Amino acid sequence: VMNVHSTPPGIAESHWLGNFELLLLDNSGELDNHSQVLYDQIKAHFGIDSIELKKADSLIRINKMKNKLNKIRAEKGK
Amino acid sequence: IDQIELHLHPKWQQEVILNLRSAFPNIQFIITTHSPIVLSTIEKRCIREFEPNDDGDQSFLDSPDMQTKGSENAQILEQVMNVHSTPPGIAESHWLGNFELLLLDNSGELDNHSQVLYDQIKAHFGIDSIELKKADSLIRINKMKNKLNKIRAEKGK
Amino acid sequence: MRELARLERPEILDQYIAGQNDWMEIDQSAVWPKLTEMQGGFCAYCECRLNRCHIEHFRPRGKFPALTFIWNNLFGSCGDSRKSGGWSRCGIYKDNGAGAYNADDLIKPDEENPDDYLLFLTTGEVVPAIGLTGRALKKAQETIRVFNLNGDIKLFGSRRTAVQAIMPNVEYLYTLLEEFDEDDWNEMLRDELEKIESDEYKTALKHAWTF
Ligand SMILES: [Zn+2]
């Protein structure tokens with residue numbers, strides 16, 4: 001209704017979680033190097049129990065239940 | 001500055017503090033506010049919670065527990081200001097919680113006291129609303145969990 | 001709550017006897033190991049992480065003395081008063097904010113199981129379990145009232161946010177029921193149940209995961 005983002009657009013920390021998914025989905029699952037850097041920056045700025053880290057860990061665990069079906073692709077593989 | 005958020009739209013509150021600190025880098029700014037949108041642009045260490053007592057007497061002003069520099073406005077509203085994201089004084093805001101109990105009442109299948117509610121929600125919020133998506137997800141979870149219970153009963157017994 | 005097994009006593013507890021000296025005589029730090037290990041560093045009333053924690057006498061020595069120095073009337077509760085603040089939840093709110101409550105009418109997580117007493121919904125609110133009638137239901141309502149499980153926003157909103165984060169995971173995990181076999185799917189369920197063990201809200205996520 002008000003065309004206002006949930007997080008302020010003028011702060012680098014606001015786009016950190018969006019970037020986490022875009023860099024999780026860049027390697028299609030599997031926290032790599034660039035993704036794991038983003039994850040401790042989120043864990044340091046935001047608390048150990050925050051919506052940001054709780055949602056970060058969800059994206060991890062969900063592209064770990066889907067990479068299992070693609071490691072199930074390793075089971076029907078060739 | 002007293003009530004920095006006065007006469008400001010939320011979009012302006014999203015950037016007023018940043019603009020002030022950018023234009024006046026070396027000014028010590030001591031401001032008061034009561035809007036979470038302004039607080040979303042301020043570090044946790046810069047915030048002092050003023051909760052007095054019945055005498056107006058506070059001894060030490062405290063900082064919030066959670067960081068408020070990149071957090072969403074609703075999170076700051078509910079965690080720092082103790083304000084519900086949804087209006088507690090409206091029956092429509094409890095429809096998805098009432099509906100969830102009604103699915104779970106009859107084990108998780110839309111019955112009738114749950115279909116009157118699902119289309120009360122569909123008519124009010126709409127097809128593309130978040131509330132209808134949550135209701136559909138809850139329906140799917142209830143059905144899948146029932147099928148689970150059947151499968152685990154087959155495996156166990 | 002979760003069922004938290006009151007294990008052995010701590011030893012310091014015997015050196016201090018209720019009536020002869022005030023509870024302040026013993027150090028809460030010594031009672032913490034047993035309580036903390038029992039609760040895995042979380043609240044015994046609202047599952048709040050022990051970041052803000054205090055030894056709570058379930059039966060206030062001032063109203064039910066309940067042998068103040070009995071390890072059993074001692075719980076690894078939440079919040080704290082020496083550091084000041086505006087705590088209106090769980091143990092601190094039980095002693096002062098709630099008022100006019102019966103100690104025996106409150107569920108004790110040590111012996112009473114909150115699984116069949118409390119139901120945690122997806123919306124973050126706690127309701128009495130389904131099918132409760134008469135006396136049994138009234139303990140659930142009473143404990144929700146006095147412990148302020150539904151109450152101060154900082155707990156309800158945080159629990160709801162925690163549950164909403166994992167809901168897409170529950171969705172996708174239950175979508176592949178037919179894609180995987182029984183053993184593998186139960187293994188995924190066990191993996192999720194391990195995940196919620198090292199999580200802030202033990203039982204809300206458990207209720208959102210299994211039923
Ligand atoms: Zn607590």
# chains A, B, ... in the order shown; residues from 1 in each chain; ligands from 1
$ closest_atom_pairs --of "chain C" --to "ligand 1" --cutoff "9 Å" --atoms "only C-alpha atoms and all ligand atoms" --output "tab-separated table"
residue	atom	partner	partner_atom_place_in_ligand_line	distance
C:42	CA	ligand 1	1 (Zn)	7.8
C:43	CA	ligand 1	1 (Zn)	4.6
C:44	CA	ligand 1	1 (Zn)	6.6
C:45	CA	ligand 1	1 (Zn)	5.1
C:46	CA	ligand 1	1 (Zn)	4.1
C:47	CA	ligand 1	1 (Zn)	5.7
C:48	CA	ligand 1	1 (Zn)	4.7
C:49	CA	ligand 1	1 (Zn)	7.8
C:50	CA	ligand 1	1 (Zn)	8.3
C:52	CA	ligand 1	1 (Zn)	8.5
C:53	CA	ligand 1	1 (Zn)	7.8
C:76	CA	ligand 1	1 (Zn)	8.8
C:77	CA	ligand 1	1 (Zn)	5.6
C:78	CA	ligand 1	1 (Zn)	4.1
C:79	CA	ligand 1	1 (Zn)	6.6
C:89	CA	ligand 1	1 (Zn)	6.5
C:90	CA	ligand 1	1 (Zn)	4.4
C:91	CA	ligand 1	1 (Zn)	6.2
C:92	CA	ligand 1	1 (Zn)	8.5
C:147	CA	ligand 1	1 (Zn)	7.9
C:149	CA	ligand 1	1 (Zn)	8.6
C:155	CA	ligand 1	1 (Zn)	8.7
$ interface_residues --of "chain C" --to "chain B" --cutoff "6 Å" --atoms "only C-alpha atoms" --output "list in words"
residues 123, 153, 154 and 174 of chain C
$ closest_residue --among "B:123, B:110, B:20, B:38" --to "chain A" --atoms "only C-alpha atoms"
B:38
$ closest_atom_pairs --of "chain A" --to "chain C" --cutoff "12 Å" --atoms "only C-alpha atoms" --output "Markdown table"
| residue | atom | partner | partner_atom | distance |
| --- | --- | --- | --- | --- |
| A:47 | CA | C:51 | CA | 11.8 |
| A:48 | CA | C:200 | CA | 9.9 |
| A:49 | CA | C:200 | CA | 7.4 |
| A:50 | CA | C:162 | CA | 8.6 |
| A:51 | CA | C:161 | CA | 6.7 |
| A:52 | CA | C:165 | CA | 9.5 |
| A:53 | CA | C:165 | CA | 9.9 |
| A:54 | CA | C:165 | CA | 6.6 |
| A:55 | CA | C:165 | CA | 5.5 |
| A:56 | CA | C:165 | CA | 9.0 |
| A:57 | CA | C:165 | CA | 9.0 |
| A:58 | CA | C:166 | CA | 6.1 |
| A:59 | CA | C:169 | CA | 8.4 |
| A:60 | CA | C:169 | CA | 9.9 |
| A:61 | CA | C:169 | CA | 7.4 |
| A:62 | CA | C:169 | CA | 5.6 |
| A:63 | CA | C:169 | CA | 9.3 |
| A:64 | CA | C:169 | CA | 10.0 |
| A:65 | CA | C:173 | CA | 7.0 |
| A:66 | CA | C:172 | CA | 8.3 |
| A:67 | CA | C:172 | CA | 12.0 |
| A:68 | CA | C:180 | CA | 10.1 |
| A:69 | CA | C:179 | CA | 8.3 |
| A:70 | CA | C:179 | CA | 11.6 |
| A:72 | CA | C:180 | CA | 9.0 |
| A:73 | CA | C:179 | CA | 11.6 |
| A:75 | CA | C:180 | CA | 11.7 |
$ write_last_selection --atoms "N, CA, C and O atoms" --output "tab-separated table (two decimals), in the first residue's frame"
chain	number	residue	atom	x	y	z
A	47	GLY	N	21.78	-10.91	15.78
A	47	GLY	CA	22.06	-11.79	16.89
A	47	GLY	C	22.03	-13.26	16.50
A	47	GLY	O	21.68	-13.64	15.38
A	48	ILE	N	22.43	-14.10	17.46
A	48	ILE	CA	22.41	-15.54	17.24
A	48	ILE	C	20.98	-16.05	17.09
A	48	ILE	O	20.74	-17.06	16.43
A	49	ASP	N	20.02	-15.36	17.69
A	49	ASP	CA	18.60	-15.70	17.58
A	49	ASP	C	17.89	-14.49	16.97
A	49	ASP	O	17.38	-13.63	17.69
A	50	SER	N	17.87	-14.43	15.65
A	50	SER	CA	17.24	-13.33	14.93
A	50	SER	C	16.46	-13.90	13.76
A	50	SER	O	16.71	-15.02	13.30
A	51	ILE	N	15.49	-13.11	13.28
A	51	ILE	CA	14.72	-13.53	12.12
A	51	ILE	C	15.64	-13.71	10.92
A	51	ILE	O	15.42	-14.59	10.08
A	52	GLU	N	16.71	-12.91	10.84
A	52	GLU	CA	17.62	-12.98	9.70
A	52	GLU	C	18.41	-14.29	9.69
A	52	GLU	O	18.48	-14.96	8.66
A	53	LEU	N	19.02	-14.67	10.82
A	53	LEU	CA	19.74	-15.94	10.87
A	53	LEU	C	18.81	-17.14	10.87
A	53	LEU	O	19.14	-18.18	10.30
A	54	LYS	N	17.64	-17.03	11.51
A	54	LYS	CA	16.68	-18.13	11.45
A	54	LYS	C	16.21	-18.38	10.01
A	54	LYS	O	16.14	-19.53	9.55
A	55	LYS	N	15.96	-17.30	9.25
A	55	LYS	CA	15.59	-17.43	7.84
A	55	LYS	C	16.78	-17.82	6.95
A	55	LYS	O	16.60	-18.52	5.94
A	56	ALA	N	17.99	-17.41	7.33
A	56	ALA	CA	19.18	-17.85	6.61
A	56	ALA	C	19.36	-19.36	6.72
A	56	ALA	O	19.58	-20.06	5.71
A	57	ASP	N	19.24	-19.88	7.94
A	57	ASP	CA	19.38	-21.32	8.15
A	57	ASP	C	18.27	-22.10	7.48
A	57	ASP	O	18.49	-23.23	7.03
A	58	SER	N	17.06	-21.53	7.41
A	58	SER	CA	16.00	-22.20	6.67
A	58	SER	C	16.37	-22.39	5.21
A	58	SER	O	16.23	-23.50	4.66
A	59	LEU	N	16.81	-21.32	4.54
A	59	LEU	CA	17.20	-21.45	3.13
A	59	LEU	C	18.28	-22.51	2.95
A	59	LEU	O	18.28	-23.27	1.96
A	60	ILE	N	19.18	-22.62	3.93
A	60	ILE	CA	20.21	-23.66	3.91
A	60	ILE	C	19.55	-25.05	3.90
A	60	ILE	O	19.71	-25.85	2.96
A	61	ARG	N	18.73	-25.31	4.91
A	61	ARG	CA	18.17	-26.63	5.15
A	61	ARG	C	17.15	-27.04	4.07
A	61	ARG	O	16.94	-28.24	3.81
A	62	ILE	N	16.57	-26.06	3.37
A	62	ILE	CA	15.60	-26.35	2.31
A	62	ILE	C	16.30	-26.66	0.99
A	62	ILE	O	15.89	-27.58	0.25
A	63	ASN	N	17.40	-25.97	0.69
A	63	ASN	CA	18.22	-26.41	-0.42
A	63	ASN	C	19.20	-27.48	0.02
A	63	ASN	O	20.30	-27.59	-0.54
A	64	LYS	N	18.88	-28.16	1.12
A	64	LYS	CA	19.50	-29.42	1.48
A	64	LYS	C	18.52	-30.59	1.47
A	64	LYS	O	18.95	-31.75	1.51
A	65	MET	N	17.23	-30.30	1.53
A	65	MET	CA	16.22	-31.31	1.24
A	65	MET	C	15.88	-31.38	-0.24
A	65	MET	O	15.19	-32.31	-0.66
A	66	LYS	N	16.34	-30.42	-1.04
A	66	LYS	CA	16.13	-30.50	-2.49
A	66	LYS	C	17.37	-31.00	-3.22
A	66	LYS	O	17.27	-31.64	-4.29
A	67	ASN	N	18.54	-30.75	-2.65
A	67	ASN	CA	19.74	-31.33	-3.21
A	67	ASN	C	19.82	-32.80	-2.88
A	67	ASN	O	20.56	-33.52	-3.54
A	68	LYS	N	19.06	-33.26	-1.89
A	68	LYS	CA	18.95	-34.69	-1.64
A	68	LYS	C	18.18	-35.36	-2.75
A	68	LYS	O	18.53	-36.46	-3.15
A	69	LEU	N	17.13	-34.72	-3.28
A	69	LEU	CA	16.41	-35.27	-4.42
A	69	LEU	C	17.24	-35.14	-5.68
A	69	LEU	O	17.05	-35.92	-6.62
A	70	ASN	N	18.17	-34.19	-5.72
A	70	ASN	CA	19.14	-34.18	-6.82
A	70	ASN	C	20.38	-35.05	-6.55
A	70	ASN	O	21.08	-35.46	-7.48
A	72	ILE	N	19.39	-37.73	-5.21
A	72	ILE	CA	18.51	-38.79	-5.67
A	72	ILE	C	18.55	-38.80	-7.18
A	72	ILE	O	18.38	-39.85	-7.81
A	73	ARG	N	18.90	-37.65	-7.75
A	73	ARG	CA	19.24	-37.62	-9.15
A	73	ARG	C	20.56	-38.35	-9.34
A	73	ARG	O	20.81	-38.91	-10.41
A	75	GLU	N	21.11	-41.01	-7.62
A	75	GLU	CA	20.65	-42.41	-7.62
A	75	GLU	C	20.04	-42.87	-8.95
A	75	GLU	O	20.41	-43.93	-9.46
$ interface_residues --of "chain B" --to "chain A" --cutoff "10 Å" --atoms "only C-alpha atoms" --output "PyMOL selection string"
chain B and resi 9-15+18-19+37-38+40-44+65-75
$ atom_distance --atom1 "CA of residue 110 (chain C)" --atom2 "CA of residue 21 (chain C)"
26.1 Å
$ select_by_dssp --residues "region 56-152 of chain B" --states "helix (DSSP H, G or I)" --output "short mmCIF file (atom, residue, chain, number, x, y, z; two decimals) with N, CA, C and O atoms, in the first residue's frame"
data_model
loop_
_atom_site.label_atom_id
_atom_site.label_comp_id
_atom_site.auth_asym_id
_atom_site.auth_seq_id
_atom_site.Cartn_x
_atom_site.Cartn_y
_atom_site.Cartn_z
N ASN B 73 10.68 -3.61 9.73
CA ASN B 73 9.93 -2.69 10.57
C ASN B 73 9.02 -3.43 11.54
O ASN B 73 8.87 -3.02 12.70
N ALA B 74 8.40 -4.52 11.09
CA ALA B 74 7.50 -5.28 11.96
C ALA B 74 8.26 -5.90 13.13
O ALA B 74 7.75 -5.94 14.25
N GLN B 75 9.47 -6.39 12.88
CA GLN B 75 10.27 -6.98 13.95
C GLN B 75 10.61 -5.95 15.02
O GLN B 75 10.53 -6.25 16.22
N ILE B 76 10.99 -4.74 14.61
CA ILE B 76 11.28 -3.69 15.58
C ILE B 76 10.01 -3.27 16.30
O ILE B 76 10.02 -2.98 17.50
N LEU B 77 8.88 -3.24 15.58
CA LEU B 77 7.61 -2.87 16.20
C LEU B 77 7.23 -3.85 17.30
O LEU B 77 6.78 -3.44 18.38
N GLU B 78 7.39 -5.15 17.05
CA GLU B 78 6.94 -6.15 18.01
C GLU B 78 7.97 -6.47 19.08
O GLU B 78 7.60 -6.89 20.18
N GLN B 79 9.26 -6.28 18.80
CA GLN B 79 10.31 -6.67 19.73
C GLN B 79 10.87 -5.51 20.54
O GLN B 79 11.34 -5.73 21.66
N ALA B 91 -11.48 -8.69 14.76
CA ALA B 91 -11.78 -10.11 14.63
C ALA B 91 -11.12 -10.72 13.40
O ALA B 91 -10.78 -11.91 13.41
N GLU B 92 -10.93 -9.93 12.34
CA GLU B 92 -10.36 -10.45 11.10
C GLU B 92 -8.91 -10.87 11.25
O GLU B 92 -8.42 -11.67 10.44
N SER B 93 -8.19 -10.35 12.25
CA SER B 93 -6.79 -10.69 12.41
C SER B 93 -6.58 -12.03 13.11
O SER B 93 -5.46 -12.55 13.08
N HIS B 94 -7.62 -12.59 13.72
CA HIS B 94 -7.54 -13.89 14.37
C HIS B 94 -8.17 -14.99 13.53
O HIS B 94 -8.32 -16.11 14.02
N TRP B 95 -8.55 -14.69 12.29
CA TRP B 95 -9.25 -15.69 11.48
C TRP B 95 -8.34 -16.87 11.14
O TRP B 95 -8.79 -18.02 11.14
N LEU B 96 -7.06 -16.62 10.87
CA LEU B 96 -6.21 -17.74 10.50
C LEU B 96 -5.85 -18.59 11.72
O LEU B 96 -5.67 -19.81 11.59
N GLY B 97 -5.80 -18.00 12.92
CA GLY B 97 -5.59 -18.78 14.13
C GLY B 97 -6.82 -19.56 14.55
O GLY B 97 -6.73 -20.73 14.98
N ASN B 98 -7.99 -18.94 14.41
CA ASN B 98 -9.23 -19.67 14.64
C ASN B 98 -9.33 -20.83 13.65
O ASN B 98 -9.59 -21.97 14.04
N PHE B 99 -8.99 -20.58 12.38
CA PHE B 99 -9.14 -21.59 11.33
C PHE B 99 -8.18 -22.73 11.55
O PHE B 99 -8.50 -23.89 11.24
N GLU B 100 -6.98 -22.41 12.03
CA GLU B 100 -6.02 -23.46 12.30
C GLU B 100 -6.51 -24.37 13.41
O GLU B 100 -6.42 -25.60 13.29
N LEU B 101 -7.04 -23.79 14.49
CA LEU B 101 -7.62 -24.63 15.53
C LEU B 101 -8.74 -25.50 14.98
O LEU B 101 -8.89 -26.64 15.41
N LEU B 102 -9.57 -24.96 14.09
CA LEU B 102 -10.67 -25.75 13.53
C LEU B 102 -10.20 -26.88 12.62
O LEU B 102 -10.78 -27.97 12.65
N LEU B 103 -9.18 -26.65 11.81
CA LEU B 103 -8.59 -27.79 11.11
C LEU B 103 -8.12 -28.83 12.11
O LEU B 103 -8.53 -29.99 12.07
N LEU B 104 -7.32 -28.40 13.09
CA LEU B 104 -6.78 -29.33 14.07
C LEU B 104 -7.85 -29.94 14.98
O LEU B 104 -7.65 -31.04 15.49
N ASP B 105 -8.99 -29.26 15.18
CA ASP B 105 -10.10 -29.82 15.95
C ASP B 105 -10.55 -31.13 15.35
O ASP B 105 -10.68 -32.14 16.05
N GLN B 115 -14.88 -24.54 6.52
CA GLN B 115 -15.08 -23.97 5.19
C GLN B 115 -15.78 -22.62 5.26
O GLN B 115 -15.46 -21.73 4.45
N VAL B 116 -16.71 -22.43 6.21
CA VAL B 116 -17.28 -21.10 6.37
C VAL B 116 -16.16 -20.11 6.66
O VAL B 116 -16.14 -19.00 6.11
N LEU B 117 -15.17 -20.53 7.43
CA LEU B 117 -14.05 -19.64 7.74
C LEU B 117 -13.11 -19.46 6.56
O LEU B 117 -12.64 -18.34 6.33
N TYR B 118 -12.80 -20.53 5.82
CA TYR B 118 -11.88 -20.36 4.70
C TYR B 118 -12.45 -19.40 3.67
O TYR B 118 -11.71 -18.60 3.09
N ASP B 119 -13.76 -19.46 3.41
CA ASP B 119 -14.28 -18.49 2.46
C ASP B 119 -14.67 -17.17 3.11
O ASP B 119 -14.78 -16.16 2.40
N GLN B 120 -14.71 -17.10 4.45
CA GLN B 120 -14.72 -15.80 5.12
C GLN B 120 -13.37 -15.09 4.90
O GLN B 120 -13.32 -13.88 4.66
N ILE B 121 -12.28 -15.87 4.93
CA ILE B 121 -10.94 -15.34 4.70
C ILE B 121 -10.73 -15.01 3.23
O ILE B 121 -10.16 -13.96 2.89
N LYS B 122 -11.16 -15.90 2.33
CA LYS B 122 -11.02 -15.65 0.90
C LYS B 122 -11.79 -14.41 0.48
O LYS B 122 -11.29 -13.59 -0.30
N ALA B 123 -13.02 -14.25 0.98
CA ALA B 123 -13.80 -13.07 0.64
C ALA B 123 -13.17 -11.81 1.21
O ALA B 123 -13.15 -10.77 0.54
N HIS B 124 -12.66 -11.86 2.44
CA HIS B 124 -12.11 -10.65 3.04
C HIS B 124 -10.74 -10.30 2.44
O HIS B 124 -10.58 -9.24 1.82
N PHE B 125 -9.75 -11.17 2.62
CA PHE B 125 -8.38 -10.84 2.25
C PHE B 125 -8.15 -10.93 0.74
O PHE B 125 -7.47 -10.07 0.17
N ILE B 130 -1.65 -12.85 1.49
CA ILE B 130 -0.77 -13.72 2.27
C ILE B 130 -1.59 -14.65 3.17
O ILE B 130 -1.20 -15.80 3.40
N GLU B 131 -2.71 -14.15 3.69
CA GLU B 131 -3.53 -14.96 4.58
C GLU B 131 -4.08 -16.20 3.88
O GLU B 131 -4.08 -17.30 4.45
N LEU B 132 -4.55 -16.05 2.64
CA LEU B 132 -5.04 -17.21 1.90
C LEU B 132 -3.92 -18.18 1.58
O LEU B 132 -4.12 -19.40 1.60
N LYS B 133 -2.72 -17.67 1.27
CA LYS B 133 -1.59 -18.56 1.05
C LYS B 133 -1.25 -19.35 2.31
O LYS B 133 -0.97 -20.55 2.24
N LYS B 134 -1.29 -18.69 3.47
CA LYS B 134 -1.05 -19.40 4.72
C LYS B 134 -2.13 -20.44 4.98
O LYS B 134 -1.83 -21.54 5.45
N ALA B 135 -3.39 -20.11 4.69
CA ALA B 135 -4.47 -21.08 4.88
C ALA B 135 -4.29 -22.29 3.98
O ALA B 135 -4.46 -23.44 4.41
N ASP B 136 -3.94 -22.06 2.71
CA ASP B 136 -3.71 -23.17 1.78
C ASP B 136 -2.52 -24.02 2.23
O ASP B 136 -2.58 -25.26 2.18
N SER B 137 -1.44 -23.38 2.67
CA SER B 137 -0.28 -24.12 3.16
C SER B 137 -0.65 -24.96 4.37
O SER B 137 -0.23 -26.11 4.48
N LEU B 138 -1.44 -24.39 5.28
CA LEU B 138 -1.87 -25.11 6.47
C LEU B 138 -2.73 -26.31 6.09
O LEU B 138 -2.57 -27.40 6.65
N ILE B 139 -3.62 -26.14 5.11
CA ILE B 139 -4.44 -27.25 4.62
C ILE B 139 -3.55 -28.37 4.09
O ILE B 139 -3.74 -29.55 4.42
N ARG B 140 -2.58 -28.01 3.26
CA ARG B 140 -1.68 -29.00 2.67
C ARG B 140 -0.87 -29.72 3.75
O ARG B 140 -0.70 -30.94 3.70
N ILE B 141 -0.37 -28.97 4.74
CA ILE B 141 0.38 -29.57 5.84
C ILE B 141 -0.49 -30.53 6.64
O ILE B 141 -0.04 -31.61 7.03
N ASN B 142 -1.74 -30.15 6.91
CA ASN B 142 -2.61 -31.05 7.66
C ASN B 142 -2.87 -32.34 6.89
O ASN B 142 -2.80 -33.44 7.47
N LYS B 143 -3.16 -32.24 5.60
CA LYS B 143 -3.40 -33.44 4.80
C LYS B 143 -2.16 -34.32 4.75
O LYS B 143 -2.24 -35.55 4.93
N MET B 144 -0.99 -33.71 4.51
CA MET B 144 0.24 -34.48 4.43
C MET B 144 0.59 -35.12 5.76
O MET B 144 1.11 -36.24 5.80
N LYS B 145 0.33 -34.42 6.87
CA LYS B 145 0.62 -34.99 8.18
C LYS B 145 -0.31 -36.14 8.50
O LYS B 145 0.10 -37.12 9.13
N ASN B 146 -1.58 -36.06 8.07
CA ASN B 146 -2.47 -37.21 8.24
C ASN B 146 -1.97 -38.41 7.44
O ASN B 146 -1.97 -39.55 7.95
N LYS B 147 -1.53 -38.18 6.20
CA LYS B 147 -1.00 -39.28 5.39
C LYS B 147 0.27 -39.87 6.01
O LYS B 147 0.43 -41.10 6.06
N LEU B 148 1.21 -39.02 6.42
CA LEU B 148 2.23 -39.43 7.38
C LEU B 148 1.79 -40.29 8.55
O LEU B 148 2.41 -41.32 8.83
N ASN B 149 0.80 -39.85 9.31
CA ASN B 149 0.39 -40.65 10.45
C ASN B 149 -0.03 -42.04 9.99
O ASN B 149 0.34 -43.04 10.62
N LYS B 150 -0.74 -42.12 8.87
CA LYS B 150 -1.13 -43.42 8.33
C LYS B 150 0.09 -44.26 7.96
O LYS B 150 0.16 -45.45 8.28
N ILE B 151 1.07 -43.65 7.29
CA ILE B 151 2.25 -44.38 6.84
C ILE B 151 3.07 -44.89 8.02
O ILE B 151 3.52 -46.04 8.04
N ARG B 152 3.29 -44.02 9.02
CA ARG B 152 4.02 -44.43 10.22
C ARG B 152 3.28 -45.48 11.02
O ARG B 152 3.90 -46.36 11.62
#
$ atom_distance --atom1 "CA of residue 15 (chain C)" --atom2 "CA of residue 38 (chain C)"
21.7 Å
$ atom_distance --atom1 "CA of residue 175 (chain C)" --atom2 "CA of residue 1 (chain C)"
28.9 Å
